[PDB]
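A lone chain, given as structure tokens: the form deposited without the named molecule.
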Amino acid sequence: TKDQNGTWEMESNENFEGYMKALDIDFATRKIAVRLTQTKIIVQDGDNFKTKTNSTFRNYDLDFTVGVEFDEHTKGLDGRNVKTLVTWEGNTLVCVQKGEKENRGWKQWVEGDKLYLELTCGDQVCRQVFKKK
């Protein structure tokens, strides 16, 4: 369990295209989706997380409590319904999104002044690194 509070600015974004393609996001949207400057702001008070992921293309905003299962409607990305659970595995925040897509979820951890995020769907992995602002 560890502190992830802050404003985080993207410095690296690997294979976001493969990730979206595994989610069957159409070609035209993928071409305008891959933003290289992105800000993630996280407010974490105990088990409650309030996050905003902002780019010039679109914003995703996600609120959740660690250990409480919830239904997520992935509107604005692939628009599927999934049952999501976020828990701690040591100091790594782990999310599983159960539904039609195998191996769908993400892992997020802070190491020094950087936040690392791995997004997975099937056999695709996208890795992003952010620096605390």
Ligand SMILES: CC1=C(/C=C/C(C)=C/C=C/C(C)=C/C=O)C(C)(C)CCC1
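The first residue of the shown sequence is 1; numbering continues from there.
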- Averaging C-alpha B-factors over each stretch, which comes out higher, 8 to 16 or 110 to 118? 110 to 118
- Query: Between 83 to 91 and 25 to 33, which has the larger average Cα B-factor in the PDB entry?
  - Reply: 25 to 33
- Item | Selection by C-alpha B-factor (highest) of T51, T65, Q38, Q97 | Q38
- Query: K133: which third of its chain by C-alpha temperature factor?
  - Reply: highest
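Note that the form solved in complex with the named molecule isn't included here; everything after this is about it.
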- Tell me whether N48, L85 and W109, taken together, all sit within 4.5 Å of the named molecule in the deposited complex, counting heavy atoms only. no
- Contact between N59 and the named molecule in the deposited complex at 4.5 Å, heavy atoms? yes
- Query: Does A22 reach the named molecule in the deposited complex, with heavy atoms at most 4.5 Å apart?
  - Reply: no
- Query: If you check in the deposited complex, is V94 within 4.5 Å of the named molecule, heavy atoms only?
  - Reply: no
- Can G76 be called a contact residue for the named molecule in the deposited complex at 4.5 Å between heavy atoms? yes
